[PDB]
Every structure is written in structure tokens, then in C-alpha cells.
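Following: one structure in C-alpha cells, then a few remarks.
Nothing in this text is a laboratory measurement; each read-out follows from the coordinates by a stated rule. Virtual Cβ from ideal backbone geometry, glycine too; neighbours counted across all protein chains shown.
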Amino acid sequence: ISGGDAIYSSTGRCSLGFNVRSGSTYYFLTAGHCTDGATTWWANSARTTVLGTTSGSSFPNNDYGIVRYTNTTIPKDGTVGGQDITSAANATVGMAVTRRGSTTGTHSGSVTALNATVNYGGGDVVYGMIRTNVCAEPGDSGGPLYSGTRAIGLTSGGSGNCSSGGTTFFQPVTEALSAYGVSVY
Amino acid sequence: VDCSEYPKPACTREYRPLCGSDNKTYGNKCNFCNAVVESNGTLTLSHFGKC
């Protein structure tokens, strides 16, 4: 399983962000709004292939979460679909980026602003977000935003869709890697 | 599902589908409610889950 693939909780479906590790312990990052109130994660809608359990969740304010793998045999590719990821980097205005999600697949665009505040309402406000002109649709939450072999962010939310176009905000991945003491591979 | 607190400028992108009266499956409650507002209140909820 790799970045952009579907992940299922008891509540719904999101996308796997990036596979990461700390020592010999493997995890995957995804959106905090997906990990919030979720315990177990599965690879399929039938819930027959277990992935692991939620180890941390940060939402709102931030939008990231981490799941510890408990499935010992499933491949944990350090890629996004076929694309190898070898490091993480900070987003910059004008950067060309690509997102992969379980609903819409792969879509590209550019970073249009940094440190954006996004209000999802009801007190769910997230800060320090990367603004882009990349579309995203329900199911794409938590999927990776990357640039070549560099990991950049995790899909959080926005507006529009892939047909008419939209605006998607991403959580900077560096902040999540630092919070959990994990690294991409 | 109550959409009175909409519209909202942004929606998260998790997938928990709802079926609208227009036979379209809406990906989540936020997408659905923004569409209700956009229709000026003509769109309604048919049932939960995919259409």
C-alpha cells in the first residue's frame, strides 16, 4: 500500500498520506480530521485487511494524524503510487506540486499562498496551511501533496471539484514529521 | 442533516456519502449542505449512503 491509496475507518474513507518510520516502527500519516475519533484502520471496504491503529491525532488547529501499522505482511511502499519519495521539503509560493487521492487519482497545480487560515466552521479552524489551485474531492483527505521525489503536505480541504476546478489547502508535512519524530523513506 | 449553519467557505475531504434528491451522491455532509445552499433550498436529502 502506498501514498494516495484508500484507507477505511469505522466512519468513512480517506487516503493514506505517506508511509513513514521511526527506528523499526512503521506508521502512515493522514489527515487529523480522518484520525479524529477513529481507532482501527483497514485497507478495504470489507474491513478484512487490517492496517493498524491510530497513534496520534491533531485536529483542529493543525490537520495531521498518524497510524501505527499492526499488519506485518502488507507491503509498506515509500512511494506515492509508483513515485518514489526520498525526502521532505517546505512549500514555497509558485512551487509545482502534485496530489494523489483515493477518489480522484493524481492532479497537479501550484502553491499559491502559505500560512493560510481555513475555517471549517463550528470552531474547527486550522492554521498555517498551504493554499494551492489543485482540486480535491471527498475521499481524497489525507492524501499526499508532493513535488517530484519530495514530500510536501497532506490534503486537508477546500472547495470546488476536479471538473470545474477548485482550491485545496494542505497541512505541511514537515510539521507532522517533527511532531512524531518520524521520517519518510 | 441540518444545513442551516451553511454555507461554509471550505469543506474537509473525507468520504461519508449522502444521496440527494437530484440523484447525485454527495461525498460528505459539507459538500451536500453547500450544494443545498447553492440551489437556494431546492435540493433535499433522499437518503443516507450512496444513491
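Can you tell me how many residues in region A:120-136 are free of Cβ contacts under 8 Å to residues at least 40 places away in the same chain and surrounded by 24 or more Cβ atoms within 10 Å (Cβ to Cβ)?
The initial filter retains those residues of region A:120-136 that are free of Cβ contacts under 8 Å to residues at least 40 places away in the same chain, namely A:121-122, A:131-136.
Next cut, surrounded by 24 or more Cβ atoms within 10 Å (Cβ to Cβ) only: A:132, A:134, A:136.
Count: 3.
If I ask for residues that are assigned to a loop (DSSP other than H, G, I, E, B), crowded, with 19+ Cβ neighbours inside 10 Å and more than 12 Å from every other protein chain (Cβ to nearest Cβ), which ones from region B:28-50 would you list?
B:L43, the sole residue that qualifies.
How many of the residues making up region A:87-116 are without any contact (Cβ under 8 Å) to a residue 24 or more places away in the chain and either facing chain B (nearest Cβ under 10 Å) or outside any strand (DSSP E or B) (or both)?
3
Can you confirm whether region A:47-59 contains a residue that is closer than 22 Å to A:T117 by Cβ and either touching a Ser or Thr at 6+ places or on another chain (Cβ under 7 Å) or not in a strand (DSSP E or B) (or both)?
Yes, the conditions are met somewhere in region A:47-59.
Between residues in region A:149-163 that are among the basic types (K, R) and residues that are surrounded by fewer than 24 Cβ atoms within 10 Å (Cβ to Cβ), which pairs lie under 7 Å by C-beta distance while being six or more apart or on different chains?
A:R150/A:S87; A:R150/A:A88; A:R150/A:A89
Counting just the residues of region B:13-27 that are surrounded by 22 or more Cβ atoms within 10 Å (Cβ to Cβ) and facing chain A (nearest Cβ under 7 Å), which one comes out nearest to the chain's Cα centre (by Cα)?
B:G27
Report yes if some residue within region A:65-79 is closer than 21 Å to A:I130 by Cα and surrounded by 13 or more Cβ atoms within 10 Å (Cβ to Cβ); otherwise report no.
yes
Out of curiosity, is A:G82 closer than 15 Å to A:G143 by Cα and surrounded by fewer than 18 Cβ atoms within 10 Å (Cβ to Cβ)? I'd like the intermediate steps shown before the answer.
Working: closer than 15 Å to A:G143 by Cα: yes; surrounded by fewer than 18 Cβ atoms within 10 Å (Cβ to Cβ): yes.
The answer is yes for A:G82.
For region A:63-77, check the following and say yes or no: at least one residue is free of Cβ contacts under 8 Å to residues at least 24 places away in the same chain, more than 14 Å from chain B (Cβ to nearest Cβ) and assigned to a strand (DSSP E or B).
No, every residue in region A:63-77 fails to be free of Cβ contacts under 8 Å to residues at least 24 places away in the same chain, more than 14 Å from chain B (Cβ to nearest Cβ) and assigned to a strand (DSSP E or B).
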